[PDB]
Amino acid sequence: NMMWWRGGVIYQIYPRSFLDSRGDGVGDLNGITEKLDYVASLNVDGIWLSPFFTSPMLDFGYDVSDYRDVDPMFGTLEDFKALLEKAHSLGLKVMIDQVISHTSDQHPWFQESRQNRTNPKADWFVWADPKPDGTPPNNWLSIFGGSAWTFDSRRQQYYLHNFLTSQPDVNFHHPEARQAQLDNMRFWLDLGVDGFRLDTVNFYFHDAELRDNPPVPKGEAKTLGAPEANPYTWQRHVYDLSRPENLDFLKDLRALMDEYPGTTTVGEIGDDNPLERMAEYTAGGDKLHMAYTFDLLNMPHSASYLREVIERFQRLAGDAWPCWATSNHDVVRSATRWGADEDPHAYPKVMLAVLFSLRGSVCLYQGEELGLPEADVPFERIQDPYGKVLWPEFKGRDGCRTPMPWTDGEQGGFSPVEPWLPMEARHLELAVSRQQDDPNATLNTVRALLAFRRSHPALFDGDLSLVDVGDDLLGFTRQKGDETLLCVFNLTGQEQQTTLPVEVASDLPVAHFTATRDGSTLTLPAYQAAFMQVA
Ligand SMILES: C[C@H](C[C@H](C[C@@H](CCC(=O)O)C(=O)O)C(=O)O)C(=O)O
Ligand SMILES: [Mg+2]
């Protein structure tokens, strides 16, 4: 089963906010180990851990100061080996973040690099002289605010950072820096991890000529990877990322992965044309195994929008392989972002049915299986630096990073002390303990859906074909071998009805969904899904 990743369902864990087992208010590895039984009980195939490596935590793990160790705050390397082994014993794959596009400015490489222009690591990062007036070398902007260039008096030069000033970008034009990052990944492969989520995977290379980006012409759509209030959205991102050289490197990265049969990679795409980039990066069988985009992580969510996404993707490279996600640690929780104006109990159910029925792998975010709404974090409790630069038009990412509600008791059973972000009051009645034995709760709908999906080869990696089912329903068939299934979804809060475009052999009952099939007319009550075996 060395192709489990190609259609597999991955559960994303944000270690800080999963379970505190030690009592400091921050989630740790041992807490995860303690909850792997729950995770396995979701019927997912594995997990992806957000960064737990040595880090100042200025971007909460994504500023790495030691690639081959666990930060004391999360536990130890031994804790991780225990987690990994227990996870394997439960049949779970374990993937971890790898953040190789940039290091913390506390990383020894950068400490060395910044001292002068001639040291051995001077070119391991991206340095450039000021313009004659002393200003940044070009017009590139940090996603987290201000210029992508920061002046350093030691070298009398600017260094590049797409993200925080404390996250200097690695210069992939330097083959030794590239190889060093491969070696860092190899370290975790040798411990037996099953794969990597590759942070900002298309950011690796920048244009060495340092060309200015062009502006976005007035009225044109902005990138899906950033809020519209961010001036980063005012330029087309052509030279600051997604360079051709990255393809060669992705091959190298893939070669590394191939030395460890059965391992996989999911790349994070942040690009002006993300579907295209994802097809580009996952094609050929010699680069990334899969990647996800922000196409399903934004505001549009109608059945017609989903149709547009599917069509667009279907026109791309036939050998590409997408990983789909409706939530992660960077966006408003789906039940709010997509379902704010929908029934809070029924909408997440059908939305997840769609997610689990699309052709691709799936990433499912911690708490999404509980139908958790976005949390409201008060100003004085804000932690994410990305929540302190565009406030209040954009309030950062803490709203999706609040601690996991295990019980309806104090701190949701997450911690014995006040946690690093406040437990959301609305989450308590949606806690795991409250939801565990309720067959009508979103948790059990998810368990049921993933068991169902697991029982049908066509829902693993079958082809997908859109079918006419009217304007307000989403419909397609999934096909593999003997099996062709018809999948129809009502994402609206009103009854909808359609003529079946194919001929139904039988109904497939799943997770208490209710739909009326009368001859050739299919009726779906609000927020219902319907699966049918096709003749
Ligand atoms: C280093 C890490 C970057 C990526 C990607 C980033 C890129 C923005 C984009 O989607 O274009 C983000 O805001 O999500 C991540 O968050 O997972 C971070 O921003 O904290
Ligand atoms: Mg802890």
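Atoms within each ligand, like the ligands themselves, are counted from 1 in listed order. One is the number of the first residue; the rest follow in order along the sequence.
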Checking the N or O distance criterion of under 3.5 Å, is ligand 1 in contact with [X]?
{"X": "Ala226", "result": "no"}
{"X": "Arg397", "result": "yes"}
{"X": "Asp59", "result": "yes"}
{"X": "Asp199", "result": "yes"}
{"X": "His102", "result": "no"}
{"X": "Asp271", "result": "no"}

_Counting the benzene-type ring for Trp, do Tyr67 and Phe187 have ring centres under 6.0 Å apart?_
no

*Is it true that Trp391 and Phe379 have ring centroids separated by less than 6.0 Å?*
yes

_What do you get for the angle at the Mg ion (ligand 2) between OD1 on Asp24 and OD2 on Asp28, to the nearest 10 degrees?_
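My answer is 160°, to the nearest 10°.
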
*asked:* Suppose we measure from atom 5 (C) of ligand 1 to each protein heavy atom; which comes out shortest, and what is that distance?
replied: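 For atom 5 (C) of ligand 1, the nearest protein heavy atom comes out as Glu268 OE2, 2.8 Å.
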
*asked:* Starting from atom 19 (O) of ligand 1, what is the nearest protein heavy atom, named by residue and atom, and what distance separates them?
replied: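 The protein heavy atom lying closest is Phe144 CZ, 3.1 Å.
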
Answer yes when [X] and [Y] have at least one side-chain N-carboxylate O distance shorter than 4.0 Å, and no when they do not.
{"X": "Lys287", "Y": "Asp248", "result": "no"}
{"X": "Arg197", "Y": "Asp199", "result": "yes"}
{"X": "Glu112", "Y": "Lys121", "result": "yes"}
{"X": "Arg381", "Y": "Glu418", "result": "yes"}

Only heavy atoms of [X], strictly under 4.0 Å: list the atoms of ligand 1 that pass.
{"X": "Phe163", "answer": "3 (C), 6 (C), 7 (C), 19 (O)"}
{"X": "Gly225", "answer": "8 (C), 9 (C), 10 (O), 11 (O)"}
{"X": "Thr200", "answer": "3 (C), 4 (C), 5 (C)"}

*Heteroatom N/O/S of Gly75 within less than 2.8 Å of the Mg ion (ligand 2)*: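 Under 2.8 Å: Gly75 has no N, O or S contact with the Mg ion (ligand 2).
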
_Please give the atom name: the N, O or S atom of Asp20 nearest to the Mg ion (ligand 2)._
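Distance check against the Mg ion (ligand 2) picks out OD1 in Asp20.
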
*What residue among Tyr158, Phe172, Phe110 forms ring-ring contact (aromatic ring centres under 6.0 Å, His included) with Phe125?*
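Of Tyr158, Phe172, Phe110, ring-ring contact (aromatic ring centres under 6.0 Å, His included) with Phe125 is met by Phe110 alone.
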
_Under the ring-ring contact (aromatic ring centres under 6.0 Å, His included) test against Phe52, which residue among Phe60, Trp188, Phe18 passes?_
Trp188

*Which word best sums up how the rings of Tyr62 and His329 line up, parallel for under 30°, tilted for 30 to 60°, or perpendicular for over 60°?*
parallel

*asked:* Do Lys93 and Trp5 form a cation-pi contact, if we require the NZ or CZ to be under 6.0 Å from the six-membered ring centre and within 45 degrees of the ring's axis?
replied: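 No; the conditions do not both hold, so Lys93 does not lie above the ring face of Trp5.
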
_Can you check which of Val64, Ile269, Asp330 brings a heavy atom nearest to atom 15 (C) of ligand 1?_
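Closest candidate by heavy-atom distance is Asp330.
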
*asked:* Heavy-atom contact check, 4.0 Å cutoff: does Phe60 meet ligand 1?
replied: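 So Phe60 does not count as touching ligand 1.
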
*Please verify whether a non-hydrogen atom of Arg197 lies at under 4.0 Å from ligand 1.*
yes

*asked:* Please report the interatomic distance SG(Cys400) to CG(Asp330), rounded to the nearest 0.5 Å.
replied: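 CG of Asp330 is found 7.0 Å from SG of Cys400.
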
